[PDB]
Amino acid sequence: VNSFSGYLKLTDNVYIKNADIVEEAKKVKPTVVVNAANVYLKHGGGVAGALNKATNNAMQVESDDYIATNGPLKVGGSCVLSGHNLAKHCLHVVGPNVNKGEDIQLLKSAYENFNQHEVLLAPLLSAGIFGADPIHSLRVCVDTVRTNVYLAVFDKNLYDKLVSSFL
Ligand SMILES: O=C(Nc1ccc(C(=O)N[C@H]2c3cccc(O)c3C[C@@H]2C(=O)O)cc1)NC1CC1
């Protein structure tokens with residue numbers, strides 16, 4: 001049993017809710033919240049910008065030190081950093097950004113990072129300002145992630161479309 005509330009069950013292991021991932025993280029304090037990161041961990045907008053704002057920029061400060069030491073992530077890769085006031089840990093995962101021409105096949109590799117964590121709160125990777133089709137992202141999620149994932153979809157119209165079109 002876990003504290004995630006109001007989710008629709010899509011499969012054995014994937015759950016979905018119309019919710020602001022920031023507000024959901026603040027309320028559940030999950031072990032892992034996933035950030036929709038870029039390779040530079042520059043949390044300017046979209047989900048990343050929102051999560052970072054909720055940490056009063058502490059996520060960005062920590063991220064800048066990480067990059068200065070380790071260099072950029074790979075598209076499809078991830079790193080575990082602090083969850084600050086939102087979660088125990090933040091898994092920063094880089095999905096391909098279609099508005100940069102990145103290969104959409106890398107989306108499966110990005111979701112594979114979730115399998116290193118038993119339970120996660122997450123957005124749909126490569127959705128929103130990353131330019132991919134969220135219906136496709138949900139399909140890849142379901143077909144790749146085997147651990148227990150609680151997906152937060154900010155837009156109600158999109159949430160309803162994702163549920164109603166789910167096979
Ligand atoms: O701003 C906020 N929350 C806030 C929450 C989510 C987003 C956002 O863009 N999410 C989408 C995104 C962005 C980038 C890549 C992606 O794959 C996705 C899928 C995500 C989705 O479809 O849900 C933006 C803002 N809270 C403050 C207190 C009011």
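Quick note: residue numbers are just sequence positions, from 1.
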With side-chain contact (heavy atoms from CB on, under 4.5 Å) as the criterion, how do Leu91 and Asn35 come out once you've worked through the C-alpha distance, each side chain's angles and the decisive distance to 0.1 Å? CA-CA 6 Å; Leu91 181 69; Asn35 181 32; over 6 Å; no
In sequence, state the C-alpha distance, the side-chain angles, and the governing distance for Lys29 and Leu86, and then conclude on side-chain contact (heavy atoms from CB on, under 4.5 Å). CA-CA 6 Å; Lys29 283 303 226 83; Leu86 304 180; 5.9 Å; no
Could you go step by step and tell me if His92 and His43 meet the ring pair (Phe, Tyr, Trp, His ring centres under 6.0 Å) rule? CA-CA 10 Å; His92 294 272; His43 308 303; 5.2 Å; yes
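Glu23 meets the side-chain contact (heavy atoms from CB on, under 4.5 Å) test with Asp20, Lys26; sequence neighbours excluded. The side-chain contact (heavy atoms from CB on, under 4.5 Å) search around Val119 returns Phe4, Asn148, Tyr150, not counting sequence neighbours. The side-chain hydrogen bond (donor to acceptor under 3.5 Å, both in side chains) test applied to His84 returns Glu62, not counting sequence neighbours.
Counting heavy atoms from C-beta outward, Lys161 and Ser164 have side chains that stay 4.5 Å or more apart. You'll find the side chain of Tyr66 reaches within 4.5 Å of the side chain of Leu73, heavy atoms only.
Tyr111 and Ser137 share a side-chain donor-acceptor pair at under 3.5 Å. Judged purely by distance below 3.5 Å, without hydrogens or angles, the side chains of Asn52 and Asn57 pair a donor atom with an acceptor atom. Side-chain contact check for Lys9 and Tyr15: at least one donor-acceptor pair (N or O, by modelled atom type) lies under 3.5 Å. No side-chain donor-acceptor contact under 3.5 Å links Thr31 and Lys88.
Across every non-hydrogen atom of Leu124 and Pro134, the tightest pair is CD1-O, 3.9 Å.
No more than 12 heavy atoms of other residues, nucleotides or ligands shown are found within 6.0 angstrom of NZ on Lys42.
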